[PDB]
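Given next, in structure tokens, is a single chain: the form deposited in one PDB entry.
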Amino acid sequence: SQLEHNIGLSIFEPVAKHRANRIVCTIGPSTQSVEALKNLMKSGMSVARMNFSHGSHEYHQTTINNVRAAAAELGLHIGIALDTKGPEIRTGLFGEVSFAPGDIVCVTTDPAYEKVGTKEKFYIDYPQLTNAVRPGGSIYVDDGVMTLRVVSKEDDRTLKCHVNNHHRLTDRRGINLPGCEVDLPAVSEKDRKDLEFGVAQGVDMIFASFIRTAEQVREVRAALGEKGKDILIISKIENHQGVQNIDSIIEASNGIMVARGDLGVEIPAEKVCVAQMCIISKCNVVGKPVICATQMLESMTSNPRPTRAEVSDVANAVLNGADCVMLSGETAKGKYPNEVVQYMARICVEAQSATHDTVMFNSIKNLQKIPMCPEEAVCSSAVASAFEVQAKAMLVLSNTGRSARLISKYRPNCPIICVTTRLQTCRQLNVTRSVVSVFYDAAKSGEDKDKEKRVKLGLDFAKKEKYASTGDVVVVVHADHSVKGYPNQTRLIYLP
């Protein structure tokens, strides 16, 4: 039981030597230089997030170039993620006002009130407004620091609203419709240009904002088009629809972000913790990477030490089952970008060492539909045989990354060394728990039909990184001599 595992926990035992979970950092002024990036990588960054809410194509190009130069200097494969600005609902032009508690205000969707507007009749660029918010429900303004409650519908396009608290305003502020189905495009026009940038520049994954339906995930894929077919889509769940539609969004995506900042505006703050637990477990169950985001070490934007709550939050995201934990402002524009990543890495390792070896393995395995595909039977059994011999490492050949993700899904307690023939697989596997990638250049080194070259490369990597030594058993997953497309074989071998 969890309870019996807990009472056996000790703060005096050595922690795991090899960190399983993965850290995503947002880049910004704190961290854009090649030097800052290198330190960030030494500190524990596996994925660089470009927040496309702000900055131009030129700014983000500097980010891209600088990441790639930092990584080449350190001999690392660092994934690069494009986080889209996303379709959004905003007020029209004004140039300011002030709305102290108790006021009564009118919001219009007629586009002749866009450039005009005042304390009494201002624009909202969402043209379906008087559908979504029926009388009695709420309109959130500016990440919901200000709440408005609609009484009724004035003309076809205006609603009447009782203001609830203090606040100032300015043009083009952010609007939320909490608990309301929102019928926006998956992809804004700015998003189209940003995605096609991302394709052209070869980003590894897209963090797709405000994903509400499976259909919107497919819109994002079609926009990536043919040249972008192998770019991961990580759907950001940000409102009640996302949560409602989670099953089918998962099916459509390569992975999920629990985008708690935005989600905690759209749904009551205390319900985010139910959503988190639910979503992370649903992803664990299908073997798709999941990322926990937002304010995880927030106070380290300004302090050299995190709060007790913040350490807890990181530990528990790991215990919940998240592959990755993310940093936003902490690394983008904080005083202590390196220290915050180092803390995050230590907390990960600690939560990982407190995790019961085999509980996830069994739980996940018991929820799988029988019969399995052969490769999944091979990968789950390989993880079982890793526990059985206390393997210090596993080794998988994977070109797309599929097989690595499939092993990671069963949650072994050792590193998964993935020898791959694709640089982009090395980068994309950065969002998958446990996996460590080694590139085999098949053009340079030859075909390796019998797998011996890649196996040797992987076993030598295990020695060099001090995962294992001579005479240690390693579990090795790839195809036999004739099967193509997936691994059908496991071997236990002793390092020479």
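Sequential numbering from 1, following the sequence displayed. If you superpose the two forms and keep the largest set of C-alpha atoms that fall within 1.5 Å, you have the rigid core.
>> With respect to the deposited sequence, is there a break between residue 94 and residue 95 in this entry, and if so is it 1 to 3, 4 to 9, or 10 or more residues, or none at all?
In response: Per the deposited record, the segment joining residue 94 and residue 95 lacks coordinates for 1 to 3 residues.
> Got a sec? Mean C-alpha B-factor, which is higher, 243 to 251 or 406 to 414?
Replying inline: Taking the mean B-factor of the alpha carbons in each, 243 to 251 is higher.
>> I need to verify one thing: averaged over C-alpha atoms only, is the B-factor higher for 445 to 453 or for 53 to 61?
In response: Of 53 to 61 and 445 to 453, the stretch with the higher C-alpha B-factor average is 53 to 61.
> Of the options 387, 343, 113, 207, which has the highest CA B factor as deposited?
Replying inline: Among 387, 343, 113, 207, the highest C-alpha B-factor in the entry belongs to 113.
> Between 284, 399, 363, 138, which carries the biggest CA temperature factor in the record?
Replying inline: Result of the comparison over 284, 399, 363, 138: 138.
>> Taking only the Cα B-factors deposited for this chain, tell me whether residue 289 sits in the lowest, middle or highest third.
In response: Lowest third of the chain for residue 289's C-alpha B-factor.
> Sorting the chain's CA B-factors, does residue 432 end up in the lowest, middle or highest third?
Replying inline: It falls in the bottom third of the chain.
>> Ranking the modelled residues of this chain by C-alpha B-factor as given in the entry, is residue 218 in the lowest, middle or highest third?
In response: According to the entry, residue 218 has a C-alpha B-factor in the chain's highest third.
>> Test of reading the entry: by CA B factor among the chain's modelled residues, which third contains residue 151?
In response: Residue 151: CA B-factor falls in the highest third of its chain.
> Mind checking which third residue 108 falls in for C-alpha B-factor across the chain?
Replying inline: Highest third of the chain for residue 108's C-alpha B-factor.
Keep in mind the form deposited in another entry is missing from the figure; the text below concerns it.
>> Superposed on the rigid core, does the Cα of residue 173 end up 2 angstroms or more away between the shown form and the other one?
In response: The answer is yes; the displacement is at least 2 Å.
>> So that I can tell if residue 127 moves, could you say whether its C-alpha shifts by at least 2 Å between the shown form and the other one after the core superposition?
In response: The answer is yes; the displacement is at least 2 Å.
> Relative to the form shown here, do the C-alpha atoms of residue 248 and residue 131 sit closer together or farther apart in the other entry, given a change of 3 Å or more?
Replying inline: They are farther apart; the C-alpha distance rises by 3 Å or more in the other entry.
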